[PDB]
Every structure is written in C-alpha cells, then in structure tokens.
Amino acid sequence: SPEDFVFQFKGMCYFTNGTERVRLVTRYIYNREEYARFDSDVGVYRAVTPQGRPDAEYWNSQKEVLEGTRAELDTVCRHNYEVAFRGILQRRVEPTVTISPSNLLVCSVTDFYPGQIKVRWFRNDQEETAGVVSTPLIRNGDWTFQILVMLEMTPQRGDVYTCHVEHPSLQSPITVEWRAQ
C-alpha cells in the first residue's frame, strides 16, 4: 500500500453561554498526533510533543504571528458566531415520527435538527420505563439527525402504544399511536 504523510490544522472555537465564554484552540497535527497548539486560555503557543518545540519558540518570537493568533479569538470565533452561528442555532427541522413492529415495536424519529430530543413510550397512556432500548443519536451528515427507540410489546393485542416526542422545533409534543390490526 502507498505510503502517506498527513498534516492537519484545526482552528477550533468552543462556545458556552452564548459568547460569554469562548475559547480558541488551534491544533497542529502530524498524522494523528497533535504536536503544537495555541490555546486562548494560555495565550502563547505551546509544544504538545518534542517535534513542536521549534514552532512554539519560533511563533512566540514573531510579534505579528502571536498578536494575530491572540486576536483570532475575537476576529474568528466571536465574529463567526455573530455572522453565522447565531443564525444556524435558530435552525429548526421538525422530526417525523413513525411506528412499526419489527416482540419489538419501533418508533422511528427522523429528519430533525438540532440534536436535542426526548422520546418516550406509553402503553395505554402509561409511560413505559422498562423494555425500552434506544439507538444512539444518529448523525445523517446532511444537517439532520434520527434516532430509533424500541419497546418490548405485551401479548395483549388490545394495548394501545404511543410514541411521545419533544423537540425544540415543536410547540407541542408529537404523539403517534399504534395498535395491532
């Protein structure tokens, strides 16, 4: 197999409480090992491994480089949040809820955004706690998520099952009912 050598630079912005607490961490990586980094909570470049020492010393000695990187916390992180992230955070895509048996009953909650969601199972209006298994949150990659929640059914064909879903895009919870044919 062909040999490969990889370089990765990640200018990462971490946000908490709106933009009240923001942290910039730029990471320099060789293959999968970060060797140098600038952490805004530190204020100067630091070697993460010995191979990053030459750069940490060089970059910290360059006034334009150091001041420029220190300024990125605002010019990149905070301004990207103002121009784009605040708006993206307002994006709302309502989930589609469908029930079908696979005994297990599966509630498929698909195509929603953001990822925060709450799915509950009810049997004859009684919330089910046991016999409930859920898949991890599934990232579709197209700015939507999906999640599946299974419930162990009872032998009684007369029982009414309800999948209850709460999401930021919903003013009122979505409830879908299912009962054997």
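Numbering starts at 1 and follows the sequence shown.
Could you tell me how many residues of the deposited sequence sit unmodelled between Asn80 and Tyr81 (none, 1 to 3, 4 to 9, 10 or more)? Nothing is missing.
Mind pulling up the entry and telling me whether 156-164 or 7-15 has the higher mean Cα temperature factor? For C-alpha atoms only, the mean B-factor is higher in 156-164.
109-117 versus 28-36 - greater average Cα B-factor per the deposited record: Higher mean C-alpha B-factor in the PDB entry: 109-117.
Checking the record values for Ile138, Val149, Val42, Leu66, which has the greatest CA B factor? Among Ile138, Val149, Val42, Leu66, the highest C-alpha B-factor in the entry belongs to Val149.
For the chain shown, is the CA B-factor of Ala56 in the lowest, middle or highest third of its modelled residues? Ranked within chain, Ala56 CA B lands in the middle tercile.
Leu73's Cα B-factor: lowest, middle or highest third of the chain? Within its chain, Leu73 is a lowest-third residue by C-alpha B-factor, going by the deposited values.
Compared with the other modelled residues in the chain, in which third is the CA B-factor of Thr49? Its C-alpha B-factor, which the entry lists for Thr49, ranks in the lowest third among residues of this chain.
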